[PDB]
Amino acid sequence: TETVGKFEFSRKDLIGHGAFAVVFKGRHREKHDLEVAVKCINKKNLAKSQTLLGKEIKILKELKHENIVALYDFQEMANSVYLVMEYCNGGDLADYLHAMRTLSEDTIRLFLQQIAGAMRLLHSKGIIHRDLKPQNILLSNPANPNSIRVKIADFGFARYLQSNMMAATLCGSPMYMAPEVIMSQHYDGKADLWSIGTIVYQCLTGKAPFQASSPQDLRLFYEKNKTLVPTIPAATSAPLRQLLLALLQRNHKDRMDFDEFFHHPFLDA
């Protein structure tokens, strides 16, 4: 049992892992019923891990929203870093999709209204996420899809981007990366909107809109196809079809912008 400020966890309660972090379930030391997720260094990549966790602290401490996983505390030292975060008792969207296979438009709408709420704050703060994918959308059950709360997690690749500048760091997960990102071009806040479009498509159909055998194949696919249109099922409602076609535009200049996304008719209650 390791401790971190007012919190503790055991390395036996692994709930998540990637190349640059490991996450354990834990609790408050006084209030045993307050569950937390404690994110730690992955020693296999010590230096990069330490750098990313440090950056994630800087971003997350500026974001307080019901649809963004909360940072309760953290601890940074020369040779160790910990983030103490909100525990999401529903697991991730990837697992939920594995079980449901596909989601109804009504569930998709509920989830996307919430994601949109978070992105509104990110966009207003000038922050881009750069690793949106089902594994980083988490579910919280306070029961049915109407009560599920969705929270964006994992801000380790996130950055401030000034509104007149472009980013160029190659990061994220290729299946969710905007074309401009995977083709090593400059990109902006609209790269996340492509990722969101891909997540929505995957919820609807159970697959990626543009599949390939490898990252390189996917890249070459995007390179060769200047006109690119996703296959949308015939049964899809008209507003959902419109939203997907507008998000999954290859060329970022043409792609739906934030204001269009936030006010899109598919999101109306």
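Start at 1 and count along the sequence shown; that's the residue number.
On average the C-alpha atoms of 143 to 151 have higher B-factors than those of the other stretch, with 115 to 123 and 143 to 151 being the two compared. For the pair 12 to 20 and 252 to 260, the mean B factor over Cα atoms is greater in 12 to 20.
Based on the entry's C-alpha B-factors, the most elevated value among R130, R109, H186, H98 belongs to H98. When the Cα B-factors of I57, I232, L220, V36 are read from the PDB record, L220 comes out highest.
In the deposited entry, the Cα temperature factor of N225 places it in the middle third of its chain's modelled residues. Among the modelled residues of its chain, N79 has a C-alpha B-factor that falls in the highest third, as given in the PDB entry. Looking at the C-alpha B-factors along this chain, the one for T236 belongs to the middle third.
The PDB entry assigns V69 a C-alpha temperature factor belonging to the lowest third of its chain's modelled residues.
In this PDB entry, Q135 carries a Cα temperature factor that places it within the middle third of its chain's modelled residues.
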